[PDB]
Amino acid sequence: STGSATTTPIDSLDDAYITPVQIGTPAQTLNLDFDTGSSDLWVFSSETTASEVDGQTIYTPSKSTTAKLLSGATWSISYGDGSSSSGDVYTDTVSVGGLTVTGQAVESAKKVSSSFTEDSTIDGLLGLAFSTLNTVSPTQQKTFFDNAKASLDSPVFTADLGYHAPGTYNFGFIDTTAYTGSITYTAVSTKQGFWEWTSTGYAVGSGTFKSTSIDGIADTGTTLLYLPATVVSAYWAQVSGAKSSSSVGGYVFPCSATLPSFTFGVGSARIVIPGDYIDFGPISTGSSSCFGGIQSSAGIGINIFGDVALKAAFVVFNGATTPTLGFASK
């Protein structure tokens, strides 16, 4: 089997991407944030505290003929941005882009933090990291990908995120029309439960490539590119007037600037992030200070190749017995 679904930016900045997901019988379509940095499929639901729902579409298990309470199971998750959610669990039929999994754990939110309530465009998350990170207790559950894997034509999914445009998540096949050149594969460590890999270095604009090992995670659920302070300082030093603002919470730059590109290494291959991808616009409405898309990972404890980096590539998440990542230009 295979699946193929379009993923759409939630706003003009590409702050996140939503993908329609069918849950239950008859289908209830929710728009979920596919997150390769976590391993829970959780939704706004009929059980979510009413004051914490503001425009999201909800899953109502009582209206699904295939829903079953997973008796005694609970979940509770905290993300890198300080957001959180928790609740109980149903199993139900879940389809993505024509690929169906029966008996998928659908984590029904009873509580969500303010950042989730305030984002009306995101109806929940679909985690695509390793199932070792799934928070369901006392019986840990499998991700949609892990449950689909055995049925897929190839044990892979691919992320093809757009810049200010829709893109695609495919399951079970590699669309050879969706990228240019060849795919470079690189090793993955699953020790922390992430798609963790080591970049071979970086360049700023037209500058020379610096060969240096940068361990980090491929995380579709993180907007920005978070790298070591040395790397980030070297980037922003090439932008007149850029500075790190403790008041704003990262590097800002004059909105009048033209940003340089950023290159990262994948083995001997190179992925170029155009400068425009690094512009996250005014810090507040009407400001002439703009927020940067490359930020320091200092204090986060991991480097994160978020959407800013991933959207510059066609990315293969190879879930074979020995997992690997692949990157291609596009």
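Here are the numbers for the structure shown:
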| item | result |
| --- | --- |
| Taking all pairs of distinct alpha-carbon atoms in region 273-314, Kirkwood radius in angstrom | 11.7 Å |
| Cα-based Kirkwood hydrodynamic radius, region 180-253, one decimal, Å | 14.6 Å |
| Unsatisfied cross-links (Cα-Cα over 23 Å) in the set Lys68/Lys142; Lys110/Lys149; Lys63/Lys149; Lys142/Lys330; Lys63/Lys110 | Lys110/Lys149; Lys63/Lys149; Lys142/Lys330 |
| The chain - Debye-derived log10 I(q)/I(0), Cα point model, q = 0.08, 0.10 Å⁻¹ | -0.36, -0.57 |
| In nm, spacing of pseudo-spin labels at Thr258 and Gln140 (7 Å Cα→C-beta vector) | 5.0 nm |
| Helical mean residue ellipticity (222 nm; -39500 (n - 2.57) per DSSP H run of 4+; nearest 500) of the chain | -1500 deg cm²/dmol |
| Gain on full stretching of the segment that runs from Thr74 to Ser114 - 0.36 nm per residue minus C-alpha separation | 12.4 nm |
| Hits among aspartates and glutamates - C-alpha to C-alpha of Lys311 under 18 Å, sequence gap 8 or more where chains match | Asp11, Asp14, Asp15, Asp33, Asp35, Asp160, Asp175, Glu196, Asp219, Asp276, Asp279 |
| Gained length - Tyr163 relative to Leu13, 0.36 nm times residue gap less alpha-carbon distance | 53.1 nm |
| Net charge, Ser108 excluded, C-beta distance under 14 Å - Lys, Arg +1, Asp, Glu -1 | -3 |
| Relative contact order, percent, the chain [alpha-carbon distance under 8 Å, six or more residues apart] | 19 percent |
| Nearest-0.05 FRET efficiency for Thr321 and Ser83, computed from C-beta distance (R0 22 Å) | 0.05 |
| Within straight-line cross-link reach of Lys111, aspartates and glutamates at Cα separation under 17 Å, skipping those fewer than 8 residues along the same chain | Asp40, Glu47, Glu52, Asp54, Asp81, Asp88, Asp119, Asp123 |
| FRET efficiency, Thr208 to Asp276 (Cβ-Cβ, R0 25 Å, nearest 0.05) | 0.65 |
| For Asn134, net neighbour charge (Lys/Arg +1, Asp/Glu -1) across residues whose Cβ lies under 14 Å away | -3 |
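All Cβ positions, even for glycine, are placed from backbone atoms using ideal geometry, and neighbour counts span all protein chains on display. Bear in mind these aren't lab numbers, they're just calculated from the coordinates by the rules spelled out.
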